[PDB]
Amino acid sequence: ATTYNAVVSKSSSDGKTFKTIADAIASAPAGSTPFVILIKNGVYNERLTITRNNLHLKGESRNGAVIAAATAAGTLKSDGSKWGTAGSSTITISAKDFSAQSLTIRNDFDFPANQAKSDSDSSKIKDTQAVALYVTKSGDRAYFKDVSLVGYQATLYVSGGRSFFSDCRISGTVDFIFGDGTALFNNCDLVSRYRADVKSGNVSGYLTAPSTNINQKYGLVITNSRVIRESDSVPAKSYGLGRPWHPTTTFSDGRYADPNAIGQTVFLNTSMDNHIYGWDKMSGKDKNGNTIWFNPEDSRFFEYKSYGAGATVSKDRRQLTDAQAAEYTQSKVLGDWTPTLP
């Protein structure tokens, strides 16, 4: 039994439908009863913030139901201030028990076009983060099944609670899955994109930039997935599996890189093409304003039974034992939450 509380459609000749997803979401009664919205095929140029618990979106098809907007961190608002990374997101989830199924979410900020702009071009943005999907500290138990997430830098921002991504596609370049949330990915294609602006022997990007607090058991966990290059033009050894993001954070003694954000990224039973070279370092500013480097060997970066040409084994790429791998089951990672669709 599957019934819809609202339907979004591009066609008025279709039936009794909403024209925009934002309108359908808004039409939901106040409260926490399940509200399920069907979204028919089409490109919906919308930015959405979800604040109602137990809201559920279902696209007609992942290929054809698209939610898209173009916003970079460096994009200016009306008052002349920047949107920022969090603010750049096409979809923001700030509610509990959200699900999205069979749809694509894009940030259409044209990173390559931006980089190709002349250095003197005042429209050339430096803050090139452009988030497709953002799960905030308020968005626990967020479930994404058969969803495609599209971006370049900072595609997926997972913060706070638990999120589960299943049968998914996620594309990007730099730090394209990042944040301090517990995010489990199963049977996903993680797509590393070509960068025309990167010189022959330099790094193109990093799949993950976890900022997981050291006292939090699970950060980014990728299982039974495929780490793939967008094209044959993506060079060998051009992408890192992760680098440690220690976010600039306001403390009592100032604003600087959080020392206790010692991120976790764990890959289990995942294929990797040879664009992968391993893990990498990342810099921030310390309490004195000096550059500080955070190293992968000091971070919680692990693999278990990786395969494919990018799956090399050395000292610099720590491996889980069988016993340790057993700690990364869905049951263990998500605790008492079993992700279910309406």
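The numbering used is simple: start at 1 and walk along the sequence shown.
Asker: Output the stretch having the higher mean C-alpha B factor in the entry; the candidates are 277-285 and 311-319.
Answerer: Here the higher of the two C-alpha B-factor means belongs to 311-319.
Asker: Can you let me know which of the two, 237-245 or 112-120, has the higher average C-alpha B-factor in the entry?
Answerer: Result of the comparison: 112-120.
Asker: Among the candidates 162, 82, 195, 145, give the one with the maximum CA B-factor reported in the record.
Answerer: The listed residue with the largest C-alpha B-factor is 82.
Asker: Taking the C-alpha B-factors as the PDB entry records them, is residue 101 in the lowest, middle or highest third of its chain?
Answerer: Middle third by C-alpha B-factor.
Asker: Lowest, middle or highest third: where is residue 141 by Cα B-factor in its chain?
Answerer: Answer is middle: the recorded C-alpha B-factor places it there.
Asker: Of the three thirds of its chain by CA temperature factor, lowest, middle or highest, which one includes residue 179?
Answerer: Lowest third - that is where residue 179 ends up once the chain's C-alpha B-factors are sorted.
Asker: Split the chain's modelled residues into thirds by Cα B-factor; is residue 213 in the lowest, middle or highest one?
Answerer: Within its chain, residue 213 is a middle-third residue by C-alpha B-factor, going by the deposited values.
Asker: Using the B-factor values recorded in the entry, state whether the Cα atom of residue 71 falls in the lowest, middle or highest third among the modelled residues of its chain.
Answerer: As the PDB entry reports it, the C-alpha B-factor of residue 71 lands in the lowest third of its chain.
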